[PDB]
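Step one of this worksheet: look at the structure below.
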Amino acid sequence: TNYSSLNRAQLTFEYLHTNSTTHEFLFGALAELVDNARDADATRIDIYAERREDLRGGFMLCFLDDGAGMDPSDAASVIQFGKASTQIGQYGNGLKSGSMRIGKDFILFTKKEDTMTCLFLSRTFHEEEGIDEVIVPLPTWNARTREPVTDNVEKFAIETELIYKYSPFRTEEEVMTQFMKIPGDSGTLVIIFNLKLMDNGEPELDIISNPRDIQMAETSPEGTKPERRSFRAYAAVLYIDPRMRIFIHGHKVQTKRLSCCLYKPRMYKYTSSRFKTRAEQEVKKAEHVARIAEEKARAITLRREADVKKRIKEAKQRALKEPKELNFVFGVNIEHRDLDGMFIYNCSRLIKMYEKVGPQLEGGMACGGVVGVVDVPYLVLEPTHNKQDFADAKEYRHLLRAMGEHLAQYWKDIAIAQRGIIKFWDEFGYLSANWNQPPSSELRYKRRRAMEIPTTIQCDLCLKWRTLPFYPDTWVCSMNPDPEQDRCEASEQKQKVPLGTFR
Amino acid sequence: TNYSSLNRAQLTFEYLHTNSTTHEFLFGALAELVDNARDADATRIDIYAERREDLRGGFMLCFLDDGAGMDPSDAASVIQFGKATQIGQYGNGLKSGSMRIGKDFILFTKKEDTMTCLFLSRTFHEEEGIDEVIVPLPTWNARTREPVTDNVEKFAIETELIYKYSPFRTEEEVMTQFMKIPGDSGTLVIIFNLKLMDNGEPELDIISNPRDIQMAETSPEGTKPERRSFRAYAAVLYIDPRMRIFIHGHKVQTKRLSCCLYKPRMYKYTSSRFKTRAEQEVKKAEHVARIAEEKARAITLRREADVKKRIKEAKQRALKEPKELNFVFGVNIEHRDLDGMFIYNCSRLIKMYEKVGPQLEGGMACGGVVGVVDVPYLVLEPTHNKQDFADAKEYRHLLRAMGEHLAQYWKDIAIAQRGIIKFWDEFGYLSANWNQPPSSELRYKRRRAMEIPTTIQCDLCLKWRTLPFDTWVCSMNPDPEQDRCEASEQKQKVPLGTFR
Ligand SMILES: Nc1ncnc2c1ncn2[C@@H]1O[C@H](COP(=O)(O)OP(=O)(O)OP(=O)(O)O)[C@@H](O)[C@H]1O
Ligand SMILES: Nc1ncnc2c1ncn2[C@@H]1O[C@H](COP(=O)(O)OP(=O)(O)OP(=O)(O)O)[C@@H](O)[C@H]1O
Ligand SMILES: [Mg+2]
Ligand SMILES: [Mg+2]
Ligand SMILES: [Mg+2]
Ligand SMILES: [Zn+2]
Ligand SMILES: [Zn+2]
């Protein structure tokens, strides 16, 4: 029947702040926007600051990527909280969750073939007009000749006047400047302004102490990881396979696959029952809706609905033939021994980092300096609201216990206890007895550390990860000294890791 | 001007699951419903499991309280995401928690001459393909049980939707849940079609302990009881519990955790963050108040300006209050291994067993010390799940201040002079291990018993009485000064402490 007269769960002003409160990690709030840029299939995100002293915080936070962009339908689907194979976005709210943690308002400029769209979700408009609902101006211009593209001219006029009133771009030419800030035919520019302040009135994002970095505006104690104080260090290891370049203030971050930056990286295949059970659970949930859709078609659109969903059922049963094991990669961190811990990636995105499991939890000299990296998929684990924890805490703890057992196995097979922990760390540049000090940066110790680590670097245009046989600049495969991968059309040489057997 | 034709941000079906994903702590998801019942000024919540084999999980999860209840207006404001000395300020927590526990939830509330059902069912949206979040909202008169609505076809659709997807398939089956509220005002929240684990069992274990709601897992010896037992979690969920928590009809022995500690000393820490956030709160609310009075100078703007100056006059009285943070530190002697900081935000527990200061270092000193702070809402705000804090920098500043106050407390309590291993072993901890419980021998049990005063709560007046030595009344208090329910409530006389 018709439910037009029934009550609907609506949105209010304060729920933007409520959605903002999930991020105790403001770098996680940034990380959700760069996640959306990765979901755009972008080759490059520029995360730069535009100095605007008239706004709160003194500057805007602009997120410019060259991705697929958005049509008016997808742009209208942003403010629909929630959505309808390797993408990060599954919750449909994380842009709104992050941008309100970062700043009071955010304005989104995007472009996709001949339609380019502005999304101006403004909390300052809601304060200054006292409107309880979440009213979002969404005007669309033609991407070539710039006429308004809408079915409601007075609605377009109201939206654009609202943008020129509360946006940092008070004119249509200043809007067009942000629209041609996107260089390609498609892309998205997300500008977050009126940033959150501390008690002293300074913005939380420190962009002044390091001009090539977005920093946490606080002091740095001894035991604080650089990923929680530096967004450069966070975005370097934010992805388990970073194909898209990230530019902070126009400077590319040296991203790294954490498995290749480890001494003796051994790979472990852990057959997870959580992998197998929910892979078997998703095939009956998909077959249940396929049965009711088939009898619904048993007119043309209902038949086509079941026909294009029948191939979805063939895809998930094909995935059952793939073995349900998890890739446990363990390697010793020699460049920083103290920056060890477990780096849990969920569908190639860092959720939990620097986690101590197994004998790392025990207070003791051994099993320290090991970095464990895993890419769990979405059917094994789902992220939390902030994508900094895991929703299934019980099987997350099961994963941590299994990874502790695999850590103990990795520690006993590489035989550091047989060869000596103390002299092993002494010969690798670590002379002081303190754990948290960086190693000695002399020439022989630096060459000893860099001899074990293969130098991996990413090209600028083909975006492939090359290896060099003994704030980065722009790098192409042409100046690779290795003649096997001296061209951009060469196949990307995958990381080769020794295999370890656990029990 | 008018913005009726302008686009609005909407809610979709999958946002209920997205909102549900904020609760890594399922006991936090339960605790949000307990928080809403505390905001109801309920004297008693009832947490009970109604066994229903036709639903997922095998049983219903019921949240019955005798609070203020809801009228149709604030019952409709429940599904308005984001609303409002109350814990609830995010307008979200019931919707996040109930969808963390179960696929659907049906809410029965009653207030004054009216009573209202709130059905929000993800089963209805799944079986009907509904993209939006459609909530049936019928309202009955609390005496005559007639439909109180201006749209009888909408009422018929809402009620038939409840009878189709709710566990209560008839009007009489709905009415049984409506008279399950005993008083004139109250709220019954039913969570059904609960989330299963990998083995198909529900996540909430109600079978191993029939008086408790537990995590359905094998618990190692390092697990805190509040992370695996909802009875132990709701015992310390509030810093001043006037609620009577009832789990499966059994009253939870709640406690203010400060008085259950050996030698508790109080530290009044002057927080500059408390002073600074109060100093911007005074300048912000009058700015809203002065522009509300200008526009009201048409009757709706005066009502907005009257409640704005009510807030504006309230905070000016609170600025002259001493902007200090009350740090309470005590030694946990019934369980040495269950130590750590218990940070309460607006009298609601957020962080449990936080090791700060010398507890961070793996070592023998400052072990067994439990710190308790009632952080106001002016200092910090909770996260989406209310299991962390939004301001991580100021939370870490608070933790460092609590660490240095822990060091001050440790040098104050003179365990630095009376021996470290001679103090713990005479208190029942003969073993060299850390995580084992103390000795159950009678002289050690009585030695631990006489230090902590027995602070237990009456059932009618809800006051906390101390015994000098079940369902308990102030009449069988052996103390002659507090043998009646009309007696003045006696606070804990915890001595003050000074730093440096
Ligand atoms: N910069 C961008 N480029 C392309 N698409 C974008 C961009 N930002 C947002 N989107 C799209 O906008 C929609 C809504 O954004 P949002 O980030 O809230 O959703 P989501 O990525 O699906 O969610 P989440 O990350 O919480 O799972 C998504 O479909 C997302 O793909
Ligand atoms: N058992 C209850 N008794 C009385 N009022 C209730 C009850 N449960 C919910 N409510 C009301 O429901 C409204 C919205 O519910 P919700 O719990 O999401 O809001 P909130 O408590 O303000 O939010 P939060 O706790 O996340 O800050 C609140 O204003 C609250 O008063
Ligand atoms: Mg997203
Ligand atoms: Mg593009
Ligand atoms: Mg709430
Ligand atoms: Zn190349
Ligand atoms: Zn009494």
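Hydrogens, waters and symmetry mates play no part in the numbers below; they use all other heavy atoms, side chains included. Sequence lines set the chain letters: A, B, ... in the order given, protein chains first and strands last, and positions in each chain run from 1.
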Study note, to complete from the structure: Most contact-rich option vs chain B, by heavy-atom pairs under 4.5 angstrom, among A:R278, A:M216, A:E129, A:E154, is A:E129
Check your understanding: Among B:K393, B:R273, B:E394, which has the most heavy-atom pairs under 4.5 Å with chain A?
Key -> B:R273
Check your understanding: Given the side-chain rings of A:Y234 and A:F25, with only the six-membered ring counted for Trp, is the space between their centroids under 6.0 Å?
Key -> yes
Exercise for review: Check whether any side-chain N or O of A:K165 sits under 3.5 Å from a backbone N or O of A:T160 as a donor-acceptor pair, and report yes or no.
Suggested key: no
Exercise for review: Sort out for me which of A:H398, A:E133, A:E218 touches chain B most, counting heavy-atom pairs under 4.5 Å.
Suggested key: A:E133
Check your understanding: Is there side-chain contact between B:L399 and B:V356, with heavy atoms separated by less than 4.5 Å?
Key -> yes
Point to revise | Parallel, tilted or perpendicular: rings of B:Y15 and A:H385 (30°, 60°) | key: tilted
Point to revise | Nearest heavy atoms of B:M70 and B:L107, plus distance in Å | key: CE-CD2, 3.7 Å
Revision key, fill the gap. Note: vs chain B, highest number of non-hydrogen pairs under 4.5 angstrom among A:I131, A:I135, A:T22 is A:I135
Check your understanding: B:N199 versus chain A, heavy atoms under 4.5 Å apart: side chain, backbone, both or neither?
Key -> neither
Practice item. Check each atom of A:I292 against the heavy atoms of chain B and say whether the ones under 4.5 Å are side chain, backbone, both or neither. Key: neither
Practice item. Select one option (side chain, backbone, both, neither) describing which atoms of A:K155 are under 4.5 Å from chain B's heavy atoms. Key: both
Check your understanding: Does any non-hydrogen side-chain atom of A:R229 lie less than 4.5 Å from one of A:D206?
Key -> no
Check your understanding: Does any non-hydrogen side-chain atom of B:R8 lie less than 4.5 Å from one of A:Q10?
Key -> no
Study note, to complete from the structure: Comparing B:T1, B:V133, B:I157 against chain A, the one with the most heavy-atom pairs below 4.5 Å turns out to be B:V133
Review point. Which bit of B:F124 comes within less than 4.5 Å of chain A, counting heavy atoms only: side chain, backbone, both or neither?
Key: side chain
Study note, to complete from the structure: Under a 4.5 Å heavy-atom criterion, the part of residues 92-101 of chain B in contact with chain A comprises B:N92, B:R100
Check your understanding: Do A:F120 and A:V136 come within less than 4.5 Å of each other through their side chains, counting heavy atoms only?
Key -> no
Study note, to complete from the structure: The interface call for B:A292 against chain A, heavy-atom contacts under 4.5 Å, is neither
Check your understanding: Any idea which of A:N386, A:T384, A:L6 has the most non-hydrogen atom pairs under 4.5 angstrom with chain B?
Key -> A:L6
Review point. What part of B:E160 lies closer than 4.5 angstrom to a heavy atom of chain A: side chain, backbone, both or neither?
Key: side chain
Practice item. Please examine the side chains of A:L162 and B:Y3, heavy atoms only from C-beta on, and report whether any two atoms are closer than 4.5 Å. Key: yes
Practice item. Side-chain contact test, heavy atoms from C-beta onward, threshold under 4.5 Å: evaluate it for A:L11 versus A:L16 and give yes or no. Key: no
Check your understanding: Please, which pairs that meet salt bridge (charged side-chain N to carboxylate O under 4.0 Å, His left out) have at least one residue in residues 9-29 of chain B, sequence neighbours excluded?
Key -> none
Practice item. Please look at A:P383 and chain B and tell me whether the side chain, the backbone, both or neither of the residue comes under 4.5 angstrom of a heavy atom of that chain. Key: backbone
Review point. Within 45° of the axis and under 6.0 Å from the centre of the six-membered ring of A:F13, does NZ or CZ of A:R123 qualify?
Key: no
Check your understanding: Looking at A:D199, A:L26, A:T277, which one has more heavy-atom pairs under 4.5 Å with chain B than the rest?
Key -> A:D199
Revision key, fill the gap. When the 4.5 angstrom heavy-atom criterion is applied to B:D131 and chain A, the contacting part is neither
Check your understanding: Considering only heavy atoms from C-beta outward, does the side chain of A:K352 approach that of A:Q388 to under 4.5 Å?
Key -> no
